[PDB]
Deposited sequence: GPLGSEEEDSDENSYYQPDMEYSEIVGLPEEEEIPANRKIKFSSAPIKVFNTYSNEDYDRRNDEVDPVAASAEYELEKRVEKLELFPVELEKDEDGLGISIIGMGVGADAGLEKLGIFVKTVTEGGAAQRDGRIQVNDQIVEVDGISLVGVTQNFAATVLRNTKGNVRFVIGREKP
């Protein structure tokens, strides 16, 4: 029934670089770190993203953030009444701060997110994510 065949002739063994000539090892790969970042990135894809632009007042932006996982995400815990964020009305508790002035805060370190949020000025440009209905 079979229409294929196989070869009984000897097998040809061509040579190839050794381990000394060709170092195929790669210790740079870090699946644990990448996976932590990727999980945060997955949640954002499922979120409703909208732009927001706030002008800083005397009190600042009137927002309190919390980090949630190392690789963290930035979420709003408090919107101070009378602050810029509340008076705008588009930012609510549990909103994720996906981007700030064009810099992504998804799966970042606390040190990175703090540096970015401390360097904001005046009219800050936000990308906000909210859970879809």
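Missing from the model, relative to the deposited sequence, are the stretches 1 to 36, 106 to 112.
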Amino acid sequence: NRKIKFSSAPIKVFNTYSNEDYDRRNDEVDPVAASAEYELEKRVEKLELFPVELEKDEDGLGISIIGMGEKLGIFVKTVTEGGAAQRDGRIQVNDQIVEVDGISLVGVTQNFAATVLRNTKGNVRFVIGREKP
From here on, numbers count along this sequence of modelled residues.
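On average the C-alpha atoms of 55 to 63 have higher B-factors than those of the other stretch, with 28 to 36 and 55 to 63 being the two compared. Highest CA B-factor among the listed residues (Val79, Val108, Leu49, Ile97): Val79. Per-chain ranking of the deposited C-alpha B factor places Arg87 in the highest third. Ranked by C-alpha B-factor against the other modelled residues of its chain, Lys5 falls in the lowest third. In this PDB entry, the Cα temperature factor of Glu45 sits in the middle third of its chain's modelled residues.
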